[PDB]
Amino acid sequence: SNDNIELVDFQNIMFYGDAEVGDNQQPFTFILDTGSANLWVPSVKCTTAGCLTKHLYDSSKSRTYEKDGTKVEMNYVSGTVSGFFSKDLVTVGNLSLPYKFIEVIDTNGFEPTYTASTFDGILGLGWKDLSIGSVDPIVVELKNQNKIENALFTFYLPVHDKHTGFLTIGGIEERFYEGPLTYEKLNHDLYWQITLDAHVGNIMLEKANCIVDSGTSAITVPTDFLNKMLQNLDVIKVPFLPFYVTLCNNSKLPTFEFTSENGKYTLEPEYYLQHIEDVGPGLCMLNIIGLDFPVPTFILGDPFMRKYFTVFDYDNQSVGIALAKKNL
């Protein structure tokens, strides 16, 4: 009764899922991004080097293609893609719907991310008012069409060298989590953002904005908060890049603790260290980056979601959080 889309890990940094566009079931690999609200695929009309190795969309081969042609640009923090709108049947797992998406013809503004990774496009799982072109979210539409029970989706992320994951559309499956599932109300109309007190040792921010974001492969921290965290931490910044290197067993590395009236969520160093044995033996990179929003904000990205099963509920305007089962 729920639609389960398998998630594959890529080099323990990101994860992808597959979906199809067109009646001839043209296959694509997507970053699944709760932080955006547009779907895009690279077109056979693409003029840029990044498209060379990708699965490309051919509207001429799909009888369900409906021409739109309205020009559009998606400006992400990691770069820009541009093209034009198109409409065609989009199949996610065993559910399909006619859907407006962007045919991308220029990916040069999205380098070096695009050529360095094996995804074809991005599938947004955000809120309608964050989309360009007023596109109802896939999950909201599937519910509206009575193809699913609830307008919610869940993420059970894969774990490099242990198990695959699933994006489940339409209901919550017990098999993904253990202990209590705690619901945190959205504090914004159109982001998967919740209020949590943030504690890292003696450093804390009360009632911080926390964005649960599937497309961000880091925990992001306010820059002042990070600078305090790093003081006498025996960590070294990489020349020219906002990444920090540490001995993996550095006994100073702290545990993030995020609390609500409802729940307590922790993130120990094992969840935010990336081994980099190639650069040096016993060295790790912190998957933590400094980033200032206008209101002090943390992004609870991939590292958080690897530990915690997450439920994104449109109807109840909340994020549900529970400890992910280590095995299925």
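Numbering starts at 1 and runs along the sequence shown.
- Relative to one another, 44-52 and 284-292 have unequal mean CA B-factors, and 44-52 is the one with the higher figure.
- Two stretches are in play, 186-194 and 170-178, and the higher mean C-alpha B-factor belongs to 170-178.
- Of the candidates 81, 210, 97, 226, the one whose C-alpha carries the top B factor in the deposited record is 97.
- When the C-alpha B-factors of 37, 267, 31, 279 are ranked from the entry, the top spot goes to 279.
- In this PDB entry, the Cα temperature factor of residue 314 sits in the middle third of its chain's modelled residues.
- In the deposited entry, the Cα temperature factor of residue 106 sits in the middle third of values across the chain's modelled residues.
- Sort the modelled residues of the chain by CA B factor and residue 59 lands in the middle third.
- In this PDB entry, residue 274 carries a Cα temperature factor that places it within the middle third of its chain's modelled residues.
- Ranked by Cα temperature factor within the chain, residue 87 sits in the middle third according to the deposited record.
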